[PDB]
Amino acid sequence: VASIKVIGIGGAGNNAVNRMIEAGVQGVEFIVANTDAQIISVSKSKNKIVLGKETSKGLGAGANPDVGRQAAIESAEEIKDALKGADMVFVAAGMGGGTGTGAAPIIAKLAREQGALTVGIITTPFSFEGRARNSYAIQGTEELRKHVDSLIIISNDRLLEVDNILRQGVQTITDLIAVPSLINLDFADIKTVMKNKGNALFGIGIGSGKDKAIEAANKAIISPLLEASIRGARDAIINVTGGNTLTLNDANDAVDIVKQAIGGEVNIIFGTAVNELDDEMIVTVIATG
Amino acid sequence: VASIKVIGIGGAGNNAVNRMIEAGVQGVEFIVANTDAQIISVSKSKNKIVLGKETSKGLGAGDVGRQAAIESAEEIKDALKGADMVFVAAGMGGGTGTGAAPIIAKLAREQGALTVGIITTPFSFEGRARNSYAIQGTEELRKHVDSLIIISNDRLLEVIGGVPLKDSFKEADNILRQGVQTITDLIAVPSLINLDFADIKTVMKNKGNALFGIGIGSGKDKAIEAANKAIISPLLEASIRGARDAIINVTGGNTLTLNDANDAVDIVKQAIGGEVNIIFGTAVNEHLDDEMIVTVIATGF
Ligand SMILES: Nc1nc2c(ncn2[C@@H]2O[C@H](COP(=O)(O)OP(=O)(O)O)[C@@H](O)[C@H]2O)c(=O)[nH]1
Ligand SMILES: Nc1nc2c(ncn2[C@@H]2O[C@H](COP(=O)(O)OP(=O)(O)O)[C@@H](O)[C@H]2O)c(=O)[nH]1
C-alpha cells in the first residue's frame, strides 16, 4: 500500500484540499499549509501547518513570494514531520500570491529530498490579475519545476473557455464625443453630468438576437459592477454600442428600459457607437448623484 | 473637438492603456506613468513618464508612489496640458497607482481639466492589507477628481465568470482534485484495473512538465467523444503528440463496457503516436449516467 499525501499551500491550495475532502477522495492523507492562520482554521483537513509562525505570526504574507519562501524555510522541520513516510506527495497551489508562489518550491524540495515521488499541480492567474501577479507566477512556476518530479500547470485563462474593464468605462463616454455615430453628445453635456459629482456607477450588459435591446438594457441595470444601487441617480450617461445594422429605434427601446429604472426627473444623456456584432447589442451605463 | 487624455498609472493603468491602443480607441491621447522604468519601455504609448527617477531611480515602488509623482509634477503637467477631460486610470492597492493617482488627479484638475478617476479595487484573495491600502488610496483620490468610477475586481470576476464570488474558483478547485484523483484512484482505490506505484514512478519521475487533459462524453459514442475531448483539451499546455509516457484514467458508471474503455485508450495512443509507453486504469463513479470521463497525463518531450 503506497502512502500518498496531498499538501495544499496558500489559499487556492487550501480550498482545493477542501474540495478533495468534500468529494471523498480516497487513499490519500491531506495537509494544508498557509501563512494566514484564518484560512487554516476553517480547513476541513486535520493536518494544519501555519508557515512562518514566529515571524509572520499567522497574519499572512501579503503579495511578495519572498515572504512565503522564508515562511516555509522557517517551518522546514514541521513540514518534514507531516510528510514523513510518503511514497508520493502532491504539492497543490495557485501561482500568483505571496504564499503559494514562494512556499510551494521549498515544500516540494523537502518532500523530494525525503524520497517521495513529488508532483506539483498548480494554477496560474487570470491575465486580468495584472502583470505583477502574473510575473510572480512565472517565477514561482520555474522554481517549483526545479524541485518536483513532474509539474502540471492549469491555466485559469484556458479553464475559462472550457479584461477590457477600464477600457470599456472610458470608451463609454469618449466614443460619444469623438466618434460620430447615430446619436452623440456634446462635451458640455458630459461635463454637467460629471462635474463635481463624486462616486459614479458603472454597469454593462449584452444581448444577442432579436429584442436584444430589452435583454442588454436589462442586464446592464443590474450589473454586478453597479452593486445593486442604480435607482435615484440625478444624472446618468447611457452608451448603446452595436454593429452596422443598428436602428435608432433599437437605441430608443434600450434607453427607455433604463429611464424607467432611474426615476423621475433624471437627466439622461445617451448616444451610440458601432463595433465589430451579430444582432449583439451592448449597453453601458454610468450614473452619478 | 474636445481634448481628451487618458493617463494610465502603474501596472493596472499601463495595462489599461495598452488595451485601448490595441483596440484602436479613437479621439484620445494616451499617457503612461510608472516608477518602473522597464514596464514603461515596453509600452505602446507615445507619451511615457517614469515617475520619480531620483527617489526610486527607475525601480518600481513596491507612499513611494505619491513621492514619485510629486517629484515628477512638471512632466505630468506638461503631458496633460490643454486637456478638457482627463481620465486618471489606476488599480488601487499597489505601490505606484495607490500613491500616484491622487497627485496626478490633483495636478490635472488644477490645470482646469474635467478629471474622472476610473479605478479597480482588489480581489479579496489579494489579502486584507492590499484591500485596506486600496481603501485609503480611493478616499484620497476621491478628494481630487470631479467623479470617481470604481470597479471592484471581485464584481468583475463575477461578471467575467458568470458565477457568485463564493464559487468563482469552484471549477479550478475541482480540476486540481481531478488531477490528483486521476493518479491516486488508480494506485489506491481497488478496481478492475489498477496501476502499481512503480509504474507511475516510471511515467512521472524526473520529467519536468506533465500535460494534463480531460474530456467527458455520453451516449453511444461516449468513448470517442470523451477521449478526443481530452487530447485537444484547452487545459493542455502543448500537443501530447510525441509524448514518451502517459497515464490514462478512464472513469465511468456501472454500465461502462470493456470496449468503451478499450476504445478510449486506443484513441489516446493513436493521437500520441509512436512508441509511447502508455499505462492506464479505470475507476467507477456512480454519479455518472451514460457518461464517461477520460483523463491523460503525458510526459517526456
Ligand atoms: N483553485 C483556487 N484558486 C484560487 C482561489 N483563490 C484564488 N485563486 C487563484 O490562486 C492564486 C493565488 O491565490 P492564493 O492562493 O489565495 O494566494 P496566497 O495564499 O497569498 O499565496 C490567485 O492569483 C488566483 O489566481 C481558490 O479559492 N481556489
Ligand atoms: N482588472 C484589472 N485589475 C488589475 C490589473 N492590473 C492590476 N490590477 C489591480 O490593480 C492592483 C494594483 O496592481 P498594480 O497596478 O500592478 O500595482 P502598481 O503598479 O505597483 O500600482 C492589483 O492589486 C490588482 O488588483 C488588470 O490588468 N486588470
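Method information in the entry identifies X-ray crystallography as the source of the structure, with 2.30004123971 Å recorded as the resolution.

### What about the domain arrangement of chain B?
Looking at the assigned domains, one finds that chain B contains domain 1 (4-167) and domain 2 (175-299). Here the C-alpha centre of domain 2 of chain B lies 46 Å away from the C-alpha centre of domain 1 of chain B.

### What to know about the sheet that holds strand β8 (residues 211-218) of chain B
Pairing between sheet strands relies on hydrogen bonds along the backbone, with the strands arranged either parallel or antiparallel. Residues and elements named next belong to chain B. An order of β8-β11-β9-β10 is seen for the 4 strands of this open sheet, with the pairing classed as mixed. The sheet is open, and its two borders are formed by β8 and β10 (277-284), each paired with just one other strand. Along the sheet, successive strands turn relative to each other by an average axial angle of 15 degrees, direction set aside. Summarising the sheet, strand β9 (residues 245-252) and strand β11 (residues 291-299) pair through 8 bridges and their orientation is antiparallel. Across the sheet, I247 pairs through a bridge with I297, a residue of β11. Sheet strands in contact with helix α8 (residues 170-188) are β8, β9, β10 and β11, and its direction is about 95 degrees off that of β9. Contacting β8 and β11, helix α10 (residues 222-231) crosses the sheet at an angle of about 155 degrees to β8.

### Overview of the nonpolar core
One finds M88 of chain A together with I183, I200, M204 and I247 of chain B to be the most contacted residues of the largest nonpolar core, which totals 40 residues. Examining the composition of this core, we find that 7 residues originate from one element, α8 of chain B, more than from any other. Apart from residues no more than four positions distant in its own chain, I183 of chain B is found in contact with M88 and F90 of chain A together with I200, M204, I247 and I297 of chain B.

### Points about the pairing of strand β4 (residues 88-94) of chain A
Residue and element names in this part refer to chain A. The element β4 is largely enclosed, with a buried count of 7 among its 7 residues. With burial as the criterion, each face of β4 is covered, one bearing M88, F90, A92 and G94 and the other bearing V89, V91 and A93. Summarising the sheet, strand β1 (residues 4-9) and β4 pair through 6 bridges and their orientation is parallel. Note on β4: the bridge partner recorded for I9 is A93.

### Considering the environment of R133 of chain A
Tracing the backbone through its elements, the reader meets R133 of chain A in helix α6 (residues 131-147). For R133 of chain A and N64 of chain A, which are 69 residues apart along the polypeptide, the C-alpha to C-alpha distance reads 9.3 Å. In this view, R133 of chain A contacts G96, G97 and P125 of chain A together with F125 and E126 of chain B; residues no more than four positions away in its chain are not counted.

### A closer look at the packing of helix α3 (residues 64-71) of chain B against helix α5 (residues 97-110) of chain B
Residues and elements named next belong to chain B. Orientation of α3 relative to α5, taken along the N-to-C sense of each, is 35 degrees, at an axis distance of 5 Å. In this structure, the crossing between α3 and α5 has a hand that is right-handed. Together, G65, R66, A69 and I70 of α3 and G99, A100, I103 and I104 of α5 make up the contact between the two elements. A class-by-class count of the residues in the contact of α3 with α5 yields 5 nonpolar, 2 polar and 1 charged.

Calculation criteria
- Residues numbered from 1 in each chain as written, not as in the entry; some residues may be left out.
- Chains lettered and ligands numbered in written order.
- Heavy atoms only, no water.
- Residues with missing side-chain atoms left out of burial classes, pairs and counts.
- Domains from an automatic or database assignment.
- Pairing = 2+ DSSP bridges.
- Helix = DSSP H or I, 4+ residues; strand = E, 2+ residues; numbered from the N terminus.
- Axes fitted to C-alpha atoms, helices over the stretch in contact; angles between N-to-C directions.
- Contact = heavy atoms within 4.5 Å.
- Core = buried A, V, L, I, M, F, W, Y, C linked by side-chain atoms within 4.5 Å.
- Buried < 20%, exposed > 50% of the residue type's maximum accessible area, 1.4 Å probe, protein only.
- Left-handed = near helix turned anticlockwise from the far one by under 90°.
- Nonpolar A, V, L, I, M, F, W, Y, C, P; charged D, E, K, R; others polar.

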